[PDB]
Amino acid sequence: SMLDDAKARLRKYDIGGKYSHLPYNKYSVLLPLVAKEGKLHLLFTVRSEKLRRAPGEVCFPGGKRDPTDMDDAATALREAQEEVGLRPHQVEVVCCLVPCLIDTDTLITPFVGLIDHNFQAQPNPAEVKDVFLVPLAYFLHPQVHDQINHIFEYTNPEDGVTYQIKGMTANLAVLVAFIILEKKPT
Ligand SMILES: COc1ccc(CC(=O)Nc2cncc(OCC(=O)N3CCNC(=O)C3)c2)cc1
């Protein structure tokens, strides 16, 4: 099946807990996969304009590890619940992808999660201005604008709204698309 095939692909790239004890400032992100209309999608947030870090930017759900978290995956799930109302029974964490090093002292660990079909986002407006889906296949043939660095523009055909996706967030989206969609029969 589509979902069994995605999980099987993802497991081959799982690094597990290999980098998780290193003494960094630690953040986790959740890369949330949603199946709709017979295709996989990623769920993104737009960050509230009130936030100190990166107001108004497109981001995956996530945030800084705190003492309550049993592990890095727990960080991602806690923050996702705060931001968009995703409950733990509504997500299956499938793997941990390559972590992202930034600023010399920070390590961001990305986890891919399969999202239940009955989840409906409840954006928390103190943290998130918007929540939206992009089909995974978009990231194989994105609409690129050079700003010099590459920016993706995605227009939602439901409403005509255009979102800009860039940086670590864009890079991770492409990685997930390659992992799941490469070399597939039609
Ligand atoms: C250091 O590089 C990273 C590491 C992790 C992340 C993921 C991330 O933050 N996702 C997120 C998505 N949408 C809305 C969000 O609002 C919550 C928020 O940003 N908070 C929580 C209240 N106070 C804060 O200081 C910050 C957060 C982004 C960048």
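Numbers for residues simply follow the sequence, beginning at 1. Order of listing sets the numbers, starting from 1, for every ligand and every atom in it. All heavy atoms count here, side chains included; hydrogens, waters and symmetry mates do not.
- Salt-bridge check for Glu127 with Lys50: failed, with every basic side-chain N at 4.0 Å or more from each acidic carboxylate O.
- Heavy atoms of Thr106 stay at 4.0 angstrom or farther from ligand 1.
- Between the side chains of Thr162 and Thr155, at least one donor N or O lies within less than 3.5 Å of an accepting N or O.
- Under the 4.0 angstrom criterion, atom 14 (C) of ligand 1 counts as having a protein heavy-atom contact.
- In terms of protein heavy atoms, atom 22 (C) of ligand 1 is closest to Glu127 OE2, 3.7 Å.
- Taking the six-membered ring wherever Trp is involved, the centroid distance between the rings of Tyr163 and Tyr154 does not fall below 6.0 Å.
- Checked options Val58, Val161, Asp159; the residue passing with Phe132 is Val58 (criterion: side-chain contact (heavy atoms from CB on, under 4.5 Å)).
- The protein non-hydrogen atom at the shortest distance from atom 29 (C) of ligand 1 is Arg53 NH1, 3.1 Å.
- Atom CZ of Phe178 sits in a sparse spot, with 12 or fewer heavy atoms from other residues, nucleotides or ligands closer than 6.0 Å.
- Among all non-hydrogen protein atoms, the one lying nearest atom 8 (C) of ligand 1 is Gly62 O, 3.0 Å.
- Taking 4.0 Å as the cut-off between side-chain N and carboxylate O, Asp69 and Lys26 do not count as a salt-bridged pair.
- For atom 25 (O) of ligand 1, no protein non-hydrogen atom is found at a distance below 4.0 Å.
- The single protein non-hydrogen atom nearest to atom 11 (C) of ligand 1 is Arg47 NH1, 3.2 Å, given as residue, atom name and distance.
- The closest protein non-hydrogen atom to atom 23 (N) of ligand 1 is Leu51 CD2, 4.8 Å.
- Residue contact annotation: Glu83 has a non-hydrogen atom under 4.0 Å from ligand 1.
- When only non-hydrogen protein atoms are considered, atom 5 (C) of ligand 1 lies nearest to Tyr27 CD2, 3.8 Å.
- There is no protein heavy atom less than 4.0 angstrom from atom 20 (N) of ligand 1.
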